[PDB]
Amino acid sequence: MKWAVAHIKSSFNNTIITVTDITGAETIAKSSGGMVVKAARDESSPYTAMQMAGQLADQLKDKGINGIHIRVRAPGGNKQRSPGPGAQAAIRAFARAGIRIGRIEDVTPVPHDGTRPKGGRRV
Amino acid sequence: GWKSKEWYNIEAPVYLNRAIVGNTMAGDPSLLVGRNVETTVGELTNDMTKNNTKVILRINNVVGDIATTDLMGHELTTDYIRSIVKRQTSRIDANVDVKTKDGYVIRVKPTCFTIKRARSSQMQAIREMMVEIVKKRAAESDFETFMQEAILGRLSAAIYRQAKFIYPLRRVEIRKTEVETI
Amino acid sequence: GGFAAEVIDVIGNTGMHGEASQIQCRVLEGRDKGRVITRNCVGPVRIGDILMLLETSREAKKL
Amino acid sequence: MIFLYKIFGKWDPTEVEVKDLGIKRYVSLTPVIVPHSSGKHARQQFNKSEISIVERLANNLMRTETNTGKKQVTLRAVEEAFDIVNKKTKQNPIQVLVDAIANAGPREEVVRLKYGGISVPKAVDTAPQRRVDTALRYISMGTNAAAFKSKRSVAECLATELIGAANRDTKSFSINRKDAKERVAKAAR
Ligand SMILES: [Mg+2]
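Residues numbered from 1 in each chain as written, not as in the entry; some residues may be left out. Chains lettered and ligands numbered in written order. Part of a larger assembly, values for the part shown. Heavy atoms only, no water.

Regarding how it was determined, this PDB entry cites cryo-EM in its header, along with a resolution of 2.92 Å.

Novice: In this structure, what is going on with the pattern of salt bridges? I would like to understand it.
Specialist: It is possible for side chains of opposite charge to pair when their charged atoms get near one another. Enumeration according to the criterion identifies 26 salt bridges over all chains in this entry. The partner of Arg96(A) in a salt bridge is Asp32(C), with the nearest N and O atoms 4.0 Å apart. Placement of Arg96(A) in helix α3 (residues 86-96) and of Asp32(C) in the loop between β2 (20-29) and β3 (35-42) is noted, with the two residues assigned to different chains. When its relative accessible area of 25% is taken as the criterion, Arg96(A) is described as partly exposed. For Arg137(D), the salt bridge is made with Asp133(D), and the minimal N-O distance between the two is 2.8 Å. Taken together, the residues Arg137(D) and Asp133(D), both in helix α5 (residues 128-147) and four residues apart, mark about one turn of the helix. In this structure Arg137(D) comes out as partly exposed when scored by relative accessible area, which is 22%. Among the ionic contacts, a cluster of salt bridges with common partners joins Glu55(C), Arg58(C), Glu108(D), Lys186(D) and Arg189(D). (Salt bridge = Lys/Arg side-chain N within 4 Å of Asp/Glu carboxyl O. Helix = DSSP H or I, 4+ residues; strand = E, 2+ residues; numbered from the N terminus. Buried < 20%, exposed > 50% of the residue type's maximum accessible area, 1.4 Å probe, protein only.)

Novice: I would appreciate a short explanation of the interface of chain C and chain A in the present structure.
Specialist: One widely used convention gives an interface's size as the accessible area the parts lose upon coming together. Contact residues are listed per partner, giving six residues for chain C and four residues for chain A. Overall, the association of chain C and chain A removes approximately 420 Å² of surface from exposure, summing both partners, and the carbon and sulfur fraction of that is 42%. On inspection of chain C and its partner chain A, the count reaches one salt bridge. Where chain C touches chain A, the interface holds zero residue pairs in polar contact. A breakdown of the residues in the side of chain C that touches chain A according to their chemical character gives no nonpolar, one polar and five charged. (Contact = heavy atoms within 4.5 Å. Buried area = accessible area lost by both parts, 1.4 Å probe. Polar contact = N/O pair within 3.5 Å; in protein donor to acceptor, adjacent residues only side chain to side chain. Nonpolar A, V, L, I, M, F, W, Y, C, P; charged D, E, K, R; others polar.)

Novice: What am I meant to see in the sheet that holds β3(C) here?
Specialist: Across the sheet, which stays open at both edges, the six strands sit in the order β4(C)-β1(C)-β2(C)-β3(C)-β2(D)-β1(D) with mixed pairing between neighbours. Looking along the sheet, the strands with just one partner apiece sit at the ends: β4 (50-52) of chain C together with β1 (108-113) of chain D. On average, adjacent strands in this sheet sit at an angle of 50 degrees to one another, irrespective of strand direction. Sheet analysis places strand β1 (residues 4-10) of chain C next to β4(C), joined by three bridges and oriented antiparallel. Residue pairing in the sheet places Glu6(C) in a bridge with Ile50(C) of β4(C). In the packing of α5(D) onto the sheet, contacts are made with β3 and β4 of chain C together with β1 and β2 (120-126) of chain D, and the angle to β2(D) comes to roughly 100 degrees. (Pairing = 2+ DSSP bridges. Axes fitted to C-alpha atoms, helices over the stretch in contact; angles between N-to-C directions.)

Novice: Looking at this model, I keep getting lost on the interface of chain D and chain C. Mind explaining?
Specialist: Across the boundary between the two partners, chain D contributes 24 residues, which contact 23 residues of chain C. Both sides together, the interface formed by chain D and chain C hides about 2,100 Å², and carbon and sulfur atoms give 56% of it. Linking chain D with chain C are one salt bridge. Run the count over chain D and chain C and you get nine residue pairs in polar contact. Elements supplying a minimum of two residues to the side of chain D that touches chain C: α1 (21-24), β1, β2 and α5 of chain D. Ranked by residues supplied to the side of chain D that touches chain C, first place goes to β2(D) with five residues. When the residues that make up the side of chain D that touches chain C are grouped by side-chain class, the tally is 10 nonpolar, four polar and 10 charged. Sheet topology places β3(C) next to β2(D); two bridges connect them, and they run parallel. Directly across from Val42(C), in β2(D), lies its bridge partner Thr126(D).

Novice: Mind showing me how you'd approach the pairing of strand β1 (residues 3-10) of chain A here?
Specialist: Remember that side chains alternate between the two faces of the sheet whenever the strand is regular. Residue and element names in this part refer to chain A. Across the eight residues that make up β1, a large majority, six, are buried. Note that β1 and strand β4 (residues 67-73) share seven bridges and pair parallel. In the sheet register, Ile 8 faces β4, and the bridge partner there is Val 72. Relative to strand β2 (residues 15-20), β1 is paired through six bridges, and the arrangement is antiparallel. Looking across to β2, one finds that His 7 is bridged to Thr 18. The hairpin formed by β1 and β2 contains four residues between the paired strands.

Okay, here's the thing in structure tokens:
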């Protein structure tokens, strides 16, 4: 019974995923949108997220881990705040890969009043 | 790379029945020194009721194949904290550092909620009594007993029964209990 | 795997100029039998068509 | 009574079983004495679900401009291709054709869906009637392309196309077009 935690940085342009142990100071598997898929336009797709979850599940099985919690985050703060579409797709692809999922937490770093939000309002 | 780095297990605080949490593998025995382990109250005592809070545990020394850990406080989850906050409920935030019987210093952030939009004066009174009651809990009870009341929820109900007179509190929690000293 | 599924009902249509439709087939041609997977099918879609997929894990979202 | 109908009086479609289980309920093995039923595809849609498949393959062979109104020559080419497939590739010939249709029929197709705020066609499942139509269309295209400008007859090139798309010969035009459309569907998943 080995427990791991997968970090999913889901954006509107990418959904990088890295898998660590409980302490988090050691990583096991990692794969971003462009790590396996060669199109930047399709790096944030749910199909790319399921491909990343599948290609991480076999490495997790090789390392000896069958269950991972999910710590999903958006960029957060002075950028995009809500989680992207790749989070639920990655977690469902992990659950369909055989890897059990327990707790899933949305841990996007939320600022109360952080630095100045870069934006153009209408543009 | 992967094969060379060996594996280690964990050991919970003694007051949490010296429980088991997980296994973390590192290259060397001293590499796990100073590594925070994030786990919930439910998993430490295999119960689904206390799941919205994640306890924070710090490695203190690797006793062979087992990594003993120190409970460095808890903190309520972001989603549950944002779920408790609603409309017409002036949440009385706060921050107090105290000294328990053992000499531990704990920066606790006890929070309050109200059934209606509480006035500012009642909020100040609730915050003052909350700070005083947390001070008396820390002074009159040691580290492990007071933190069992805090993490497990005795402190929140104590604040509810000691600070309900000035105004009807909808719900009280201790969202952050960051630990400073030993 | 090349699993399949049969069209049990037609939710409606989906697309801009009609095109395909929304169909909730029941996956009964693999190890994962007993799963109803929403999917889009282009053409004169009909109830009871044994539509065979190249991958049956994905499901088209809710319209 | 039903006097054990065979295609052109030679090939009975009763003793043939379909491979592609979805296409079995659409492609019809109904016995008819002649492949000139003269279907009724205006009362509703998919009126071909009850029509024969040899007739349908003979009327999708009139793709060419001069082929219009020429169902007789299409049936001639169909018969001689059936003879060639039975001779060089001895087997039930309509069974070989139904294997060819089930092998060269496009399982997946890509259709425009403007979701995500981008002009991108999405990869979708293909209907059984639509997939059968595209299989017959690509078979006709391969037959016409081989038979054009060639020393080999129309029915001979049709037999070559049927053998290519039936025994999974990778050289057939129908197989290459089906794989190309499926590749384009994979590109836009
Ligand atoms: Mg501007």
